[PDB]
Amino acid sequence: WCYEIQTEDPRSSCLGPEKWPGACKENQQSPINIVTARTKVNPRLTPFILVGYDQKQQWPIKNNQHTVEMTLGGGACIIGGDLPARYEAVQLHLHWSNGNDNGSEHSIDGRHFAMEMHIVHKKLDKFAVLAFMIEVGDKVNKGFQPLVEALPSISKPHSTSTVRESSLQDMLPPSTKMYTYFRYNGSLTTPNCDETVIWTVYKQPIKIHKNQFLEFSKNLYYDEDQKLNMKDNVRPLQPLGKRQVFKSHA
């Protein structure tokens, strides 16, 4: 299976979003477009208790042929946010493009951002995915620097590597900016699209420099022969269906 951009090569052809295996065609798919003016408030949506996010250590990364995967291996844990149980951090990856206005899978009021980050948590419901919007800024983001530096070494798919001493916490916006977010039931945005995901999309975006952003498409490749750089690894908007989207603030 692959994204639209990958089917463009006349030579060889795979299952683009249009033909992704069963379950991707179901009643409750992600991503969606959040219409703020139509979201219901739920007081219980109190900020997450972030455990293990302040720990500094080396992170094993790899190009999985679809994105840059960073293994968190249960080092972190999250509690609260009206979640049924406790979830642990498993992996972290991103979705991007070549512009600063159409690289995020989700969108808030018809607005797509530069990139979108996904921190996946397995139930210790089933998956609790925290999604952050990223926006290109005129200033460098020290928190993201460690991740950018390891990019040149994992160019081709399946390459393993490691990220220098860093902590998840420094990659997110301040704790005082994590009050406002959106909740809704959905699915994985890639096959097989298991509808066992509880989504939390935050309003405040993370700003990274234009040069840090360009490093992704420049160093990462989808193929072994390094003919197609990695970008546009984004799935198109899915119909809201009958689902209801909530927000933490009133």
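From 1 onward, residues are counted along the sequence shown.
Review point. Can you say how many deposited residues have no coordinates in the span between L124 and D125, choosing none, 1 to 3, 4 to 9, or 10 or more?
Key: Unresolved stretch here: 4 to 9 residues.
Review point. Would 62 to 70 or 48 to 56 have the larger average of its C-alpha temperature factors, as given in the entry?
Key: Comparing averages over the C-alpha atoms only gives 48 to 56.
Review point. Comparing 196 to 204 with 31 to 39, which has the greater mean CA B-factor as deposited?
Key: Mean B over CA atoms: larger for 31 to 39.
**Study point:** Largest Cα B-factor, entry values, listed residues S104, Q169, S155, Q91
**Key:** By C-alpha B-factor in the record, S155 ranks first.
Exercise for review: Could you say which of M133, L151, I119, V136 has its CA atom at the highest B factor, as listed in the PDB entry?
Suggested key: Comparing C-alpha B-factors across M133, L151, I119, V136, the maximum falls on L151.
Point to revise | Position of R111 among the chain's modelled residues by C-alpha B-factor, lowest, middle or highest third | key: Lowest third of the chain for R111's C-alpha B-factor.
**Study point:** Third of the chain's Cα B-factor distribution that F216 belongs to, per the entry
**Key:** According to the entry, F216 has a C-alpha B-factor in the chain's lowest third.
Review point. What third of its chain's C-alpha B-factors does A128 belong to: lowest, middle or highest?
Key: CA B-factor rank for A128: lowest third.
Review point. Sorting the chain's CA B-factors, does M178 end up in the lowest, middle or highest third?
Key: Lowest third of the chain for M178's C-alpha B-factor.
Review point. Considering only modelled residues of the same chain, in which third does the CA B-factor of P236 rank: lowest, middle or highest?
Key: Middle third of the chain for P236's C-alpha B-factor.
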